[PDB]
């Protein structure tokens, strides 16, 4: 996870609302969540990887081991099962709940960290740079 460790600030967001719609986030909530500009703080301690997200909407944190399924309460209050892997040099997260699934891919592109969240063929792209 060496390529991912650091504090990342949001530089661009594309198609976030439509992704949230696909996920089932409420109309009012999508407004508030759309206004947030979360940072992403990624760190490692031993075999535990932590991804923190800090914003006006919600402060979240997941702590996990690569390849080991874990319980997560999402920023929009879904209770999901997540599994995160190192796959083609990306961190790939699959979240499953209520027979549904979404894939969140975190990948380096030049000096940026690109986050692509996919649900039913709808993709939100968020671009981050080091703080």
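Rigid core here is just the name for the largest C-alpha set that superposes within 1.5 Å across the two forms. Positions refer to the first chain, counted from 1.
Participant: Rigid core superposition, C-alpha RMS per stretch in 9 other deposited structures of this protein: which comes out larger, 96 to 104 or 28 to 36?
Facilitator: Stretch with the higher C-alpha RMS distance in 9 other deposited structures of this protein: 28 to 36.
Participant: After a core fit, does 67 to 75 or 51 to 59 show the bigger CA gap to the shown form in 9 other deposited structures of this protein?
Facilitator: More C-alpha displacement in 9 other deposited structures of this protein shows up in 51 to 59.
Participant: So, looking at the entry's B-factor column for Cα atoms, which has the higher mean, 35 to 43 or 63 to 71?
Facilitator: Higher mean C-alpha B-factor in the PDB entry: 35 to 43.
Participant: Take the C-alpha B-factors listed in the entry for 51 to 59 and for 89 to 97, compute each mean, and give the stretch with the larger one.
Facilitator: Between 89 to 97 and 51 to 59, it is 51 to 59 that shows the higher mean C-alpha B-factor.
Participant: Based on the deposited C-alpha B factors for this chain, I'd like to know if residue 25 is in the lowest, middle or highest third.
Facilitator: Middle third - that is where residue 25 ends up once the chain's C-alpha B-factors are sorted.
Participant: Relative to the other modelled residues of the same chain, rank the CA B-factor of residue 10 and answer lowest, middle or highest third.
Facilitator: For residue 10, whose C-alpha B-factor we compare with every modelled residue in the chain, the answer is the highest third.
Participant: Going by what the PDB entry lists, where does residue 114 fall on CA B-factor within its chain: lowest, middle or highest third?
Facilitator: Ranked within chain, residue 114 CA B lands in the lowest tercile.
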